[PDB]
């Protein structure tokens, strides 16, 4: 299947690790040019991305600094001639519960998880409109389902679903598509380290994983990336405003399901 993304530039925030890095590698392996906006880039990942895409670039960026985003997005467009797509992905679940988190720390969490989806999209939009490209917002099941001790992350993820619908409305006339992917449980190196905090890591994994109908196992980075890159590509040219769940059935299947 020819995704028709050869030499198309995609900026990926938080693209140096985890889901974002999986999207970056697949974008490059399909002929696209990934541009990584992250605070840091592991040297081994820089090496692999360079092997996959000779025009790939890493831009060291503090996504809480709006002026740095404006400067760096413009440098990307100058270097490459334009931008076809943006994947907003930087952020983490910081488990900030309302009952012991101040409003000020909610806002600090939004600085880390929410506001740069807006700033990045604002600055990329003139270029993405010119190329009739794509915006993809990586969100989370938690913005749909809740979780119970993570008010700041849950509301940021839902806000980004709202941006997805709003920007889909705003730019459909421009033939710019705007979609989101809501992963549920995705195995990443960071998740693996978290599981290793537990007295029995395999037991904790199985405790979480048994609630996933399809295979009682976490989604893979590859599975998220496959749907992300297909959705960004022109082969998904009438898909907009969608919140996509490649999640093993986590959101939609009967909560009581078991083996």
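Residue numbers count along the first chain shown, from 1.
For the pair 152-160 and 98-106, the mean Cα B-factor is higher in 98-106. Checked against the record, the higher mean CA B factor of 44-52 and 194-202 lies with 194-202.
Across 28, 224, 208, 232, the greatest Cα temperature factor reported in the deposited entry is at 208. Annotation for 188, 119, 145, 179: 188 ranks highest, by Cα B-factor. Among the modelled residues of the chain, residue 214 sits in the highest third by CA temperature factor in this PDB entry.
In the PDB entry, residue 93 places in the middle third of its chain by CA B-factor. Among all modelled residues in its chain, residue 257 ranks in the highest third by Cα B-factor. Annotation for residue 125: CA B-factor lies in the middle third of the chain's modelled residues. When the modelled residues of the chain are ordered by their C-alpha B factor, residue 75 lands in the highest third.
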